[PDB]
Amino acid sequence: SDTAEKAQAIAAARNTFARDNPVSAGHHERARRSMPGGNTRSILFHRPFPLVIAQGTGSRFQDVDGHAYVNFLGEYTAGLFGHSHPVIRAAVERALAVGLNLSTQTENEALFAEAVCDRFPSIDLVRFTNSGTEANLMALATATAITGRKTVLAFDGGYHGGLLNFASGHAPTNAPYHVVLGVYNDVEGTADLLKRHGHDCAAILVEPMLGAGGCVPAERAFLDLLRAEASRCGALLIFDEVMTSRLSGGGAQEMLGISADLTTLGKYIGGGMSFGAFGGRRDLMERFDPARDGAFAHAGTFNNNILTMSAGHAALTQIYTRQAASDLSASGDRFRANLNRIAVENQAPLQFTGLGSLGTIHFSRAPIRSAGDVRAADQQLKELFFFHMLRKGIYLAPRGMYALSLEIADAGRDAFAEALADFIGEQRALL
């Protein structure tokens, strides 16, 4: 629960942040004249104002006030290649040479689709979208249209895009699919919901690890229930792998040996360009074959844009190969283990949860298994941690999430670990 002591510490941290970043402060007031709250991505806003960045190369960027940071946020998993990857740049140059807005299919989209199908074991066919939000919306459109049903089972804490946000339960702006919310990792509770709703469930939509919800891994028993019951009731199991796809060459599904009926993809796979994708079992995806009678339509001006097609193919085949995925996940696992080792050795009431190269801090000693556990953790200390890391020249998400890019090296990881130890020492009274 909130204390005056922690609130005063946060005020001090915010005040120091404010005083040290007057140019950013000024830009926020300016931006408010053209965008609501000077904002166009809700997650980028935090009090007193967000940092405005001038320039970045590799793993580093500099704000408009001259401070340099190592970027541990990695564009919420999308920024896997850093700020200036030469192979990505080469792909962009290649795309420009091919030509922009060609108003037609090129070979590049087919090559990218083949790359996706090759490495993701449950994706027989794929279609590209302009975001993970579109990918998940299309997956639900597919499920409802195929099954003829209206009910969607999702989970509290789950995030499937701007129109499918359940991070704080139901939101009035969510697309009006008939969504029933379960508790993440709750086998008995979810079993009960499927007994009530299963016969009219078009889809079960779930991340194999809550991403925005707190890097909360799904337990095998939970995913086993979803797979078993989706098949039983005739619902399509949709694994939202927008974040988890990086965890191995074939994402979480390769790791688990569990196959979803449809899989959604996004973020890094398009090489840092606008990107989403939905794919899955052949017989389901074939409903979109435009030559079929009663074919489902899937539109989108920029679905096949040359930049995404080129950068994405390079991302999957030239940079983040299946082996590179295994390697980075192993690297992330060692990193996260070291962070937790530092916590345990200092008897700190904090932990890092996640998988592979993905992690989020939680100020709690309890097992983090559902949205409730994440919310029950100390949110004041979380904010205090964010500002501390900033002062140490380390940028991660305000919510305490990192997503290791391929540009993070020993020096970056060491600085992060040292800064964590410093936080534990300096904030001992509040811990």
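Under this definition, the rigid core comprises the largest set of C-alpha atoms superposing within 1.5 Å between the forms. A residue's number is simply how far along the shown sequence it sits, counting from 1.
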Should one compare 239-247 and 118-126 by root mean square Cα distance from the shown form in 5 other deposited structures of this protein, core superposed, the larger belongs to 118-126
Using RMS Cα distance over all structures and residues, flag whichever of 254-262 and 91-99 lies farther from this form in 5 other deposited structures of this protein after a core fit. 91-99
Mean B factor on CA atoms, stretches 252-260 and 344-352, record says higher is 344-352
Mean C-alpha B-factor higher for 123-131, or for 327-335? 327-335
Maximum C-alpha temperature factor, selected from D156, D118, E241, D200: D200
Going by the entry, which of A191, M273, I204, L137 has the most elevated CA B factor? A191
Taking the C-alpha B-factors as the PDB entry records them, is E75 in the lowest, middle or highest third of its chain? lowest
Select lowest, middle or highest to describe the third in which the CA B-factor of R369 falls within its chain in this entry. highest
Split the chain's modelled residues into thirds by Cα B-factor; is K195 in the lowest, middle or highest one? highest
If you rank every modelled residue in this chain by C-alpha B factor, which third holds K267: lowest, middle or highest? lowest
Among modelled residues of the same chain, the CA temperature factor third for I146: lowest
